[PDB]
Structure formats: structure tokens, C-alpha cells
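Take a look and give me a structure for this.
(4 chains, ligands or ions: 4)
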There are 4 protein chains.
Amino acid sequence: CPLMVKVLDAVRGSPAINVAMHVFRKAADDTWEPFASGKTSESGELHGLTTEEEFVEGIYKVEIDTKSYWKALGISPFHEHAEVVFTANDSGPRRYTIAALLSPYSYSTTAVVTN
Amino acid sequence: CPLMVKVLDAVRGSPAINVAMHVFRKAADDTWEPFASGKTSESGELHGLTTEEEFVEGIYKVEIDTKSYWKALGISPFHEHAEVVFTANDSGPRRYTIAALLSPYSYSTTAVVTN
Amino acid sequence: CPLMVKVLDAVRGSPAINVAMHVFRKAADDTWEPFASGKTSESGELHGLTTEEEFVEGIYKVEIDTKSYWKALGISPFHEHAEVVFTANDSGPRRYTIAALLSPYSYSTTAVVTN
Amino acid sequence: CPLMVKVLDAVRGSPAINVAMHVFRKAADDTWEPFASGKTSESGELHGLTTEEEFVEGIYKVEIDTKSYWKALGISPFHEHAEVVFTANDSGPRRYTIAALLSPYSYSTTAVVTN
Ligand SMILES: Oc1cc(O)cc(/C=C/c2ccc(O)c(O)c2)c1
Ligand SMILES: Oc1cc(O)cc(/C=C/c2ccc(O)c(O)c2)c1
Ligand code: NA
Ligand code: NA
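Numbers count the residues shown, from 1 in each chain, chains lettered A, B, ... in the order given. Ligands and ions are numbered 1, 2, ... in the order given. See the structure here:
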């Protein structure tokens, strides 16, 4: 599992469950190509987005649908989504965990990169 | 000030000075139209991006070039940029302050929205 | 301003107004001696805590009553308070801005230290 | 495992390894009694601090020694420690994960509380 995303809810003190996200990869023509997508589990984690073979060097974007998450709880949030854009694997294969901590008007995101 | 952006450096405990950013507005064809841009001042702030009359309902994206900021400090960062995507002015004019707190592998962002 | 504290609300996208805090300074016997206190203004800021002459080397603790803030909004929060503990003025006077971004189950804090 | 602490490094994009922390519980005389302590593993996690039987209702403080962590990396950080103070188990037993994301001049902390 070279790419995992974990999402936490700062209002309820819980994993952010059933949060949709889409991953894109920048194509040679500078456009964003669909790469993978999924929803977080009851643990707030999304595993199995990609494989070592498929997850080549490139610029990737994870777009987390935070707006639908808050709206389902009856909250009108600030952001359309939380976005994480990064170059991956340019020095060889790495494992990436992207974490996001969500509030209605704020988010924090970090990465853990391991060899 | 209809739209102000404030950027802080979590490594050095300082405003993030000379940080470049572009602001885009989503067009009817889902493309990102240029809207505003600038660099942060010595206080870490970017004022004067737009005027009340020009800043109407839309989806806006602030794309902050955090990568160049860290590279100038000899730090290889995780993100290509920090991006903040939000609907603005859907209930008429508001004043928006977007804050971003930067680390090499992480960023936090919040909004203050005032009537 | 030798010491200023700014508090933001990540749920409502606003300054956190009327947030009470006390500041303590560590005594030689490791107890916390009262040093300063106040409540945030309508801008979420607390100015005038100390003067340059009074604010000398020491370990300081800002204890922000976040629990009362959330309870006034009908929200049961996680923390009893947010606390920020730091050495100040060990290289002579500096100006300190402490920022705190509050959610019910989370807080973020940063410092801006200027000569 | 009713209490777990996870610590992440926002500068290096890694778990924060070998971070010491001390847990205290408020005694009947309002003093902080030692409760447990430990160091984070290679995953940045500290497990096994307590048991269901021992982790009674109370006010608890987790004091994470962030200063020693940064100093070992040659960084002079702002905070003496990152502190998390909270009431636990007052509505019956819960499982708590405390997470902290560390930078030299900033930290973010959140809690995941599960039944
Ligand atoms: O931007 C932030 C801010 C924060 O305060 C915490 C996190 C991450 C928390 C976390 C908690 C449990 C995990 O297993 C994990 O991988 C991450 C990310
Ligand atoms: O821990 C954090 C996280 C974050 O995302 C933002 C801030 C600070 C925001 C801020 C906003 C306006 C100001 O004038 C200011 O001094 C600070 C602090
Ligand atoms: Na390469
Ligand atoms: Na009870």
C-alpha cells in the first residue's frame, strides 16, 4: 500500500467516515488525469488506492470532498474540498500517508513519507 | 478588504515573506480563470487582491507557491503548493481573511469570514 | 506589544471573542506564579498583557479557557483548556504573538517571535 | 488500550520517534499526580500507557517533551512541551487517541474518542 489517506473530524473527535476523495495525476500535457478514488472506512482510512507498479513518479493531487461531509452533518463549510498536491517517487519508490484534520472553516494536512 | 491572505512560517516562527500566490475563479466550463495575484509583504500579508464590486459569487482557488518558499531556505518540501478552494459571496459580499501556517511537510489553513 | 494572543474559531470562521486566559511564569520552586490575564476582544486579540520591562527571561504558560468558550456555544469540547508553554526573553527582549485556532476536539497554536 | 498517543513530525514528514511524554492525573487536592509515561516507537506511537481498570474518570494531562526532540535535531524550538489536558471517562469508559503534529514554532493536536 504505497498511498494511504487518513481523515479526522476535529468537531466530533472521530475518524471522518465515508469521506469521498479523488486522486489525479498530472499528464504530459499539464492536465489532471484521473488516477484513483475511494471513500474512507469507519477508521477514517482509505487503503488500496494504488499499487507499487502503478504509482510511478509524477505530480499527484488528492481532492478530499470535505464539503459533502460537512453538509451531511448540517454544517455549511468554507472549503469546496481539501486539496493535497505533491511530487511522488522522484527519488525512487516511497510509501505515503496523507492525513487531514477537518473543521468547518479550517483544515490541517500532513504527510508521512517512508522508504 | 474583501480578500486578504496571511501566511506564517511554523519552522522559523515568523511571517512568511515574499510568498507568491495566484487566485483563480472557476469558469462556467469548469476551467480556472485568472482572478488576482501577488506576494506577501514583510508582515506575511497580501492585501489589495480585489475590490468589493469585482468579487462576486464564484468558486475561488488561492494557489500559494509554498514550494519556492521552502526551496529558497534549502528545504525540500512535500507540497507543490498550498491551495484553498472555497465559494465566496454566495450570500452577497463578505470580507475574507485566509490564513495559512506552513511547514515543510504540512500546512494548516483557516478562514475568517465577516459581514 | 511584548506579548499578544490571537484566538480564532475554526467552526464558525470568526475571531474567538471573549475568550478568557491567564498567563503564569514559572517560579524558582517550579510552581506557576500569576503573571498576566485578560479576555480576547471582538477581533479575537488580547493586547496589553505586559510591558517590555516586566517581561524578562522565564518559562511562561498561557492557559486559554477554551472549555468555557465551547460550552457557551452548546458544544461539549475535549480539552479543559489550551495551554502554550514557552521560554521567553532568554536572548533579551522579543515581541511574541501567540495564535490559537480552536475546534471542539482539537487546537493548533503557533508563535511569531520578532526582534 | 484505552489511551494511545501518536506524534508526527511536520518538518521531516515522518513519525516523531523516541519522543518522551508524561501523563498526569489531577488529584483530589488539585495537584498533578504522576500517572504514566513512555516514549514513542518507530511508528510515532506510544501504546500501553494504562489499562481499563486504572484509567478511571478524571482530569488528565499529557505533557509531550517536544523541546528535547527538536534540540536533538539541532533546532531551538519555541515550546517547552506540547500539553493536552482533558476530562476522561466521565460518561463511562472510552478509548482515546491523542495525536500531535509538531513543528519548531507550532503544534496541532486532536483527539479521537471512541466507545
Ligand atoms: O494535520 C494533522 C493535524 C493533527 O493534529 C493530527 C494529524 C494526524 C493525526 C493522526 C492520528 C492517528 C493516525 O493514525 C494518523 O496517522 C494521524 C494531522
Ligand atoms: O495554528 C494556526 C493555524 C492556522 O491555520 C492559522 C493560524 C493563525 C491565523 C492567523 C490569522 C490572522 C492573523 O492576524 C494571525 O495573526 C494569525 C494559527
Ligand atoms: Na529522480
Ligand atoms: Na458522569
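
Quickly list what the residue nearest to the spatial centre of chain A is bridged to.
Centroid-nearest residue in chain A, with Cα atoms, centre = their mean: residue A:62, separated by 4.3 Å. Taking DSSP bridges, one obtains residue A:23, residue A:84 as the residues bridged to residue A:62.

quick one: it and residue A:7 touch, right?
No - judged on Cβ atoms under 8 Å, residue A:62 makes no contact with residue A:7 at a distance of 10.3 Å. Quick note: C-beta positions are derived from backbone N, CA and C, even for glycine.

got any residues that touch both of these two?
residue A:21 (Cβ atoms under 8 Å, 6 or more residues apart in numbering or on different chains).

picking that back up, how far away is the residue nearest to the centre of chain A from chain C?
21 Å (Cβ to the nearest Cβ, to the nearest Å).

What of residue A:83?
Counting by Cβ to the nearest Cβ - residue A:83 and chain C are separated by 18 Å.

before we move on, what about residue A:100?
Counting by Cβ to the nearest Cβ, the gap from residue A:100 to chain C is 12 Å.

which other helices and strands contact the helix or strand that that residue is a member of?
According to DSSP states H and E, residue A:100 maps onto strand A:95-103. Counting contacts by 3 or more Cβ pairs under 8 Å, 6 or more residues apart in numbering or on different chains; DSSP states H and E, strand A:95-103 is packed against strand A:3-9, helix A:66-72, strand A:79-88, strand A:106-114.

residues contacting the residue nearest to the centre of chain A?
A:5, A:21, A:22, A:23, A:83, A:84, A:85, A:98.

again with residue A:81
So residue A:81 contacts A:63, A:64, A:65, A:66, A:67, B:85 (Cβ under 8 Å, 6+ apart).

Residue A:95 and residue A:89 touch, don't they?
No - assessed by Cβ under 8 Å, residue A:95 is found out of contact with residue A:89, at 10.0 Å.

ok, now which ones touch the nearest residue to residue A:11 once chain neighbours are set aside?
Excluding its sequence neighbours, the residue lying closest to residue A:11 (Cβ to Cβ, 6 or more residues apart in numbering or on different chains) is residue C:104, at 5.3 Å. Counting by Cβ under 8 Å, 6+ apart, residue C:104 touches A:10, A:11, A:12, A:13, C:11, C:70, C:75, C:76, C:77, C:78.

and chain A, which of its residues are near ligand 2?
Contact residues (Cβ under 6 Å from any ligand atom) of chain A with ligand 2: residue A:106.

in chain A, what residue sits furthest out from the centroid?
residue A:29 (23.2 Å).

tell me the secondary structure for that one?
coil (DSSP: H, G, I helix; E, B strand; the rest coil).

Next up, phi/psi of it, please.
phi -90, psi 20 (degrees, to the nearest 10).

which one among the contacts of residue C:104 gets closest to residue C:42?
residue C:11 (17.6 Å; Cβ to Cβ).

hang on, that closest one in a strand?
No - per three-state DSSP, residue C:11 lies outside any strand segment and is coil.

how near is it to residue D:107?
20 Å (Cβ to Cβ, to the nearest Å).

Between these two, point out the one with more neighbours.
Neighbour comparison, residue C:11 and residue D:107: the larger count goes to residue D:107, with 27 against 20 (by other Cβ atoms under 10 Å in any protein chain shown).

follow-up on the earlier one: can I get the contacts of residue A:81 in TSV with neighbour count and distance to residue C:113?
TSV is the format used below for these (neighbours: other Cβ atoms under 10 Å in any protein chain shown; distance: Cβ to Cβ, whole Å):
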residue	neighbour count	distance to residue C:113
A:63	20	35
A:64	27	33
A:65	17	38
A:66	26	32
A:67	19	36
B:85	21	31
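
Out of those residues, flag the one nearest to residue B:53.
Nearest member of those to residue B:53, counting by Cβ to Cβ, is residue B:85, at 22.8 Å.

sorry, back to before: which of the contacts of residue C:104 has the most neighbours?
That'd be residue A:10 among the contacts of residue C:104, by other Cβ under 10 Å, with 28 neighbours.

Now do the residue farthest from the centre of chain A against residue A:85, distance only.
17 Å.

same thing with residue A:60?
7 Å.

go on, residue A:5?
Taken as Cβ to Cβ, the span from residue A:5 to residue A:85 is 14 Å.

now do residue A:16
From residue A:16 to residue A:85 the distance is 20 Å (Cβ to Cβ).

so what's residue A:101 up against?
By Cβ under 8 Å, 6+ apart, the neighbours of residue A:101 are A:7, A:8, A:10, A:107, A:108, A:109, C:106, D:101, D:108, D:110.

what sits against the closest residue to residue A:4 other than its chain neighbours?
Excluding the flanking residues, the one nearest residue A:4 by Cβ to Cβ, 6+ apart is residue A:97, at 5.0 Å. Listed by Cβ under 8 Å, 6+ apart, the contact partners of residue A:97 are A:4, A:5, A:6, A:111, A:112, A:114.

For burial, what's the neighbour tally of the first one?
For residue A:4, the neighbour count with other Cβ under 10 Å is 17.

Does it touch residue A:47 like I think?
Yes - between residue A:4 and residue A:47 there is a contact under Cβ under 8 Å: 5.5 Å.

any shared contact partners between those two?
Common neighbours of residue A:4 and residue A:47 (Cβ under 8 Å, 6+ apart) do not exist.

What residues does chain A have near chain B?
With Cβ under 8 Å from any Cβ of the partner chain as the criterion, chain A meets chain B at residues A:59, A:78-81, A:83-87, A:103, A:105-113.
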